[PDB]
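Residue numbers (PDB author numbering), protein chains in the order written: chain D, 17 to 50, 57 to 112; chain C, 2 to 79, 88 to 106; chain E, 1 to 116, 135 to 208; chain I, 1 to 107. Idealized CB from N, CA, C, for every residue including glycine.
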Amino acid sequence: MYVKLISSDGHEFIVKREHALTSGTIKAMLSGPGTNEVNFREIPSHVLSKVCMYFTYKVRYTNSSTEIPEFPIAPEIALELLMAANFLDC
Amino acid sequence: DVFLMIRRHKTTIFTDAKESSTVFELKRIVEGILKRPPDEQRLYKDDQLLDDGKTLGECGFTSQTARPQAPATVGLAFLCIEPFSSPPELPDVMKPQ
Amino acid sequence: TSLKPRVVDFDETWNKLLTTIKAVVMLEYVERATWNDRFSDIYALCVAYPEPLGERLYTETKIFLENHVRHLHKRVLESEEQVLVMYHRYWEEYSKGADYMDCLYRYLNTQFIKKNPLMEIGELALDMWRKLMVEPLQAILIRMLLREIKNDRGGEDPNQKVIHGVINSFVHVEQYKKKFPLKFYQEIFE
Amino acid sequence: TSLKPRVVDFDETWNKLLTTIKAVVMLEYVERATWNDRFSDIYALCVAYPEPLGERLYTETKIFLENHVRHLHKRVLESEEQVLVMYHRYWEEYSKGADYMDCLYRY
């Protein structure tokens, strides 16, 4: 039910499987060979924390009938997170 | 609803505990993935200890404080939480070089 | 390191990726940490500086695929009177490996293949299987299928998994052909 | 340094300006180097980063001059029968002080 993700800095981020399936390539991370272990040698801890927060933002606000607030992607963590968003297909 | 993160010095536990549930439910959630009894380990919001029977709603975990965009952070002790490796700073542009 | 484009040497990363691709196609075993490393490398190869190496990666993955299917087709040729029973298990292993290959090459399949002709990595495996192994031996592998199903009415029943695992093999090798979901299977076997 | 904008603390720079601004009024002697450096100090305050301290400089100068003229008012009103003499003695100093501050604070 829960999956754990490893940053390039050694940090571990544990999120539910249904939240982590938002990313296109995390589904392939959980597929193939066989709590599941997922490691990124490029992704640091801050951008992966931002992606993990985006998972909870996406699943909670999925098909909502209200005005969905915009995800606060801070200006300093913008391009490193944009690269992560492309790679993760998030 | 309340969305918050639970960190033990290298980790981060993303939960969806409602305002009705108290500390005991989050202890069970942590036990479901870290296999640690609530008697062994206790959580630490900032530098303050939460009573088990005390609901998180009056512990400062309001909805407007713990949205899923920026979930609230609580420290887990079995603190010394390692920083998130903050991204490199940007030039201030208007700063005179 | 980070996710930025770098000047990566294509030969060494290709040699690193070949072992995992070989371990995937025959469905032996892959280390999950090594699998994550292969994802981290399949991303970096597609966005390599100065020129992206996705084209070279695709045109060498197809070479690995064609020589693998050629080797397995020689294995089929040397296995007389056991082409169908071995064909079933080899096709099941190859189909699972092709699905895991589509998962393996996800970034190349959504940022370079869709940009362009070229075919999806998962769909290239099945297409190469049917256009390089089935084509030389399409007649032999079907005469036994018709004989077995005719013998079932005649009394000699065939094995369930041997005959049912190939009637759907022709179905799966045309999944990418959305305009012909079952046309090939009907015309060549039914 | 250079005359580009830079971050300066208003307290130290205003304290440096105060010993000269209380000397240009009620005329005293200030060195040529000091009087030429106060111009750069005024420029730095009016052109600082992030926020130009022009409003702060204006308010502090206004408060200082208000305190100075009310101090002169006390020193004249305390001395009776010589209100005219003290008034003119302080006025011949303060008019030149104002005309010198209009040059020091030209930026």
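Per DSSP, the beta-bridge partners of D/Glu28 are D/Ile22. In the displayed model, C/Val24 falls within a helix according to three-state DSSP. Not flagged as an interface residue toward chain C: D/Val60, since no C-beta distance is shorter than 8 Å. For the stretch 5 to 29 of chain C, the set of residues with a beta-carbon nearer than 7 Å to any beta-carbon of chain D comprises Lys11, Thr12, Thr13, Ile14 and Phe15, in chain order.
DSSP links C/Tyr45 through a beta bridge to C/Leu50 and C/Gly76.
Here C/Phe62 is actually not in contact with D/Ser71; their C-beta atoms are around 19 Å apart, not less than 8 Å. Look at the stretch 57 to 77 of chain C: the residues with a C-beta under 9 Å from a C-beta of chain D are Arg68, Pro69, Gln70, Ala71 and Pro72. Boundaries for E/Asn186: no beta strand (DSSP E) harbours it, and the DSSP string shows neither H nor E there. Chain order gives the chain I residues near C/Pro105 as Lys4, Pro5, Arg6 and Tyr49, where near means a beta carbon separation below 8 Å. DSSP places C/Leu5 in the uninterrupted beta strand (DSSP E) bounded by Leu5 to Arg8. Chain order gives the chain D residues near E/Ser40 as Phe62, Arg63 and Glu64, where near means a beta carbon separation below 7 Å. The beta carbon of I/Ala44 lies closer than 6 Å to those of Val8 in the same chain, with the five residues before and after it left out. For I/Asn67, the enclosing alpha helix (DSSP H) covers residues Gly54 to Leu77.
Taking C-beta atoms as the reference points, D/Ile99 and D/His68 count as a pair closer than 8 Å. Inter-residue distance for E/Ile42 and E/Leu17 is about 8 Å (C-alpha atoms, whole angstroms).
A direct Cα-to-Cα measurement between C/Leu51 and C/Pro72 gives close to 18 Å. For C/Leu99, at least one C-beta of chain D is nearer than 8 Å to its own C-beta. Think of a sphere of 9 Å around the beta carbon of D/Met75: the chain C residues whose beta carbon falls inside it are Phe4, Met6, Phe15, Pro69, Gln70, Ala71 and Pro72, in chain order. Between C/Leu44 and C/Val75, the beta carbon gap of about 5 Å places them in contact (Cβ cut-off 8 Å).
With distances taken between CA atoms, C/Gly58 lies nearest to C/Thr23 out of C/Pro100, C/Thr23 and C/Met6. If you ignore the 5 residues before and after D/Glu28, its C-beta comes within less than 8 Å of the C-beta of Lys20, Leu21 and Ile22, all in its own chain and listed in chain order. Per DSSP, D/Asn61 is not a residue of any alpha helix (DSSP H); the beta strand (DSSP E) it occupies stretches across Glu59 to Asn61.
Contact between the stretch 21 to 32 of chain E and the stretch 24 to 32 of chain I is absent, with fewer than three C-beta pairs closer than 8 Å. Excluding its 5 nearest sequence neighbours in each direction, E/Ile167 has C-beta neighbours in its own chain below 8 Å: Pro176 and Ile181, listed in chain order. For D/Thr78, the residues of chain C that pass the 8 Å Cβ criterion are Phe4, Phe15, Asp17, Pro69 and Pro72, in the order they occur in the chain. Using a Cβ distance threshold of 8 Å, I/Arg106 and I/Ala48 do not count as a contacting pair. If you draw a straight line from the Cα of E/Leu144 to the Cα of C/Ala67, it is about 48 Å long. In the structure shown, D/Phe77 adopts helical secondary structure according to DSSP, grouped into three states. I/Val25 is the residue among I/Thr19, I/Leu3 and I/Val25 whose C-alpha sits nearest the C-alpha of I/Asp102. Among the residues of chain D, those whose CB is under 8 Å from the CB of E/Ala33 are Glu59 and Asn61, following chain order.
Around the C-beta of E/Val184, 16 or more other C-beta atoms lie within 10 Å, and the residue is accordingly described as buried. Linking I/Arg70 to I/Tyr90 through their CA atoms gives a straight-line distance of about 12 Å.
A straight-line Cα-Cα distance of about 6 Å links C/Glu32 and C/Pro38. The beta carbon of E/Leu104 falls within 8 Å of a beta carbon belonging to chain D, placing the residue at that interface. I/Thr19 sits in a helix when the DSSP states are folded into three classes. Cα atoms of I/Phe39 and C/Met6: separation of roughly 56 Å, rounded to the nearest angstrom.
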